[PDB]
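Here the structure comes first, spelled out in structure tokens, and everything after it is commentary.
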Amino acid sequence: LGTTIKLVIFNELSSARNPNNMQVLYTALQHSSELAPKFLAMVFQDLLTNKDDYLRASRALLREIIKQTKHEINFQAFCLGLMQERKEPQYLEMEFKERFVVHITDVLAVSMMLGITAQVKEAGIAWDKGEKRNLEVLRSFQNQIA
Amino acid sequence: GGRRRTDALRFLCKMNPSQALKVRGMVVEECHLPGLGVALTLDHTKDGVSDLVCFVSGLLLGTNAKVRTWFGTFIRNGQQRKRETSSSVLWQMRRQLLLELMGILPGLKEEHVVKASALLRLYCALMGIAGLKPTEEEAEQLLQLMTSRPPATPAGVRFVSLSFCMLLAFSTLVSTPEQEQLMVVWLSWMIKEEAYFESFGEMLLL
């Protein structure tokens, strides 16, 4: 994580960033949340206090990358996020708090919309006829909630 | 509420059957209560092909895309209504269409080939646009229809082409060995048959 943090300073100003770097970062986070997720959680926490709408875009990109990576979601990262203590004073001094909740709600609402398809409607019509399906994402979400 | 309104309009039309199709036209104009329209055309049919085939084919394959989406949503929603039982008019009209399938099945007649073609295109519209999933009996009678031998006319060529395209598109409806041997023997007959000059074999080869 230290090397990534050190290179982030140079990468922020550089315009050579491409989707390959984001895909590699998402794959690394999904495969190993031991080091990268620890800093990523703090980075996402800091992004929720900004005035610009940057949490929604990052969440949408992460969801798109995860969907393209065949549901590359780390189950052990949830325990690190729950055990992580937001004890910093900069986060507690942020005046705008409802904005983060609104952004999270919008991200959740837009992430569920990725399953909308006319073929998903035909599978929903096939449920009590052909084959009961179009519900794996919901089941996975229930497991994550558990 | 919708069921009671539909039943009330059904009784009103039973009391004045001359205006039943006018009420069905009002239904397709105002673009709600599709079950009422289906039930009215069913009570009206209760020679041509049928008012049912014309009505639902025009609904699913007309220029108006709003009507197409509306009736497709109707078909999808009705399909989930217990997956059986005469409670929904969807299964009533499905049985009526299946009865028509029995009616035109036999060597296919010269007079029934065009009706078979229209019925087959209607079934294509249903299972393709409307998302209908056929039952085992529906699939069986469909396969019985496709594998028929029309009497080598341009209508026969069109019918064979449409049936072949249905098999290529909705190949999930075979799902059995005896229907597999039926369709391969039908394909072999189709290969042997080359007097269709008076564009089917080109499609098969392609």
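Remarks
- Exposure proxy order (Cβ contacts within 10 Å, fewest to most) of B:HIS44, A:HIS31: A:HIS31, B:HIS44
- Counting only Cβ charges, +1 for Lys and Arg and -1 for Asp and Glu, the dipole size of region A:82-122 around its Cα centre is about 100 debye.
- Cα-Cα separations in chain B greater than 21 Å, expressed as whole percent: 56 percent
- Two-site FRET efficiency, B:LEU99 against A:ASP128, from Cβ-Cβ distance with R₀ of 25 Å, rounded to 0.05: 0.60
- Note on B:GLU29/A:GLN68: beta-carbon distance plugged into 1/(1 + (r/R0)^6) with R0 of 56 Å gives a FRET efficiency of 0.80.
- The three principal axes of the C-alpha atoms in region B:126-206 carry coordinate ranges of 36, 28, 23 Å, sorted with the longest axis first.
- Of A:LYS6/A:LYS87; B:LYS133/B:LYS192; A:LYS51/A:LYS97; A:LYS132/B:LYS82, pairs whose Cα-Cα distance is over 21 Å: A:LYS6/A:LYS87; B:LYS133/B:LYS192
- When only Cα pairs below 8 angstrom with a gap of at least 6 residues are kept, chain A shows a relative contact order of 23 percent.
- Value of [θ]222 nm, deg cm²/dmol, for chain A, DSSP H segments ≥ 4, -39500 (n - 2.57) each, nearest 500: -19500 deg cm²/dmol
- Fewest-first ordering of B:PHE74, B:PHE159 by other beta carbons within 10 Å of each residue's beta carbon gives B:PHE74, B:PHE159.
- Whole-number Å³ per residue for the convex hull built on Cα positions in region B:55-152: 98 Å³
- Student exercise, chain A dipole from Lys, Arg, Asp, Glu Cβ charges, in Debye to nearest 20: 340 debye
- Quotient of the Cα radius of gyration of region A:30-146 and 2.2 N^0.38 Å, N being its number of residues: 1.28.
- Net charge dipole size for region B:70-179 [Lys, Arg +1 and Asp, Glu -1 on Cβ; Debye, nearest 20]: 380 debye
- Computed from the Cβ-Cβ distance with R0 of 41 Å, the FRET efficiency linking A:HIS31 to B:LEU168 stands at 0.45.
- Long-range tail of P(r) for the protein assembly as shown (Cα pairs > 28 Å, %): 61 percent
- Alpha-carbon centroids, region B:29-108 and region A:89-146: separation in whole Å: 35 Å
- Across region B:65-118 the C-alpha pair distances fall into 10 Å bins from zero in the proportions 21, 34, 31, 13 percent.
- Per-residue Cβ neighbour rank within 10 angstrom, fewest leading, A:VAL120, B:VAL113: A:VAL120, B:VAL113
- In region A:1-54, the convex hull through the Cα atoms has an average projected area of 4.2 nm², a quarter of its surface area.
Quick reminder, even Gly has a Cβ in these numbers, built from the backbone with ideal geometry, and neighbours come from all protein chains shown. Values quoted throughout were computed directly from the atomic coordinates according to the rules given, and no laboratory measurement underlies them.
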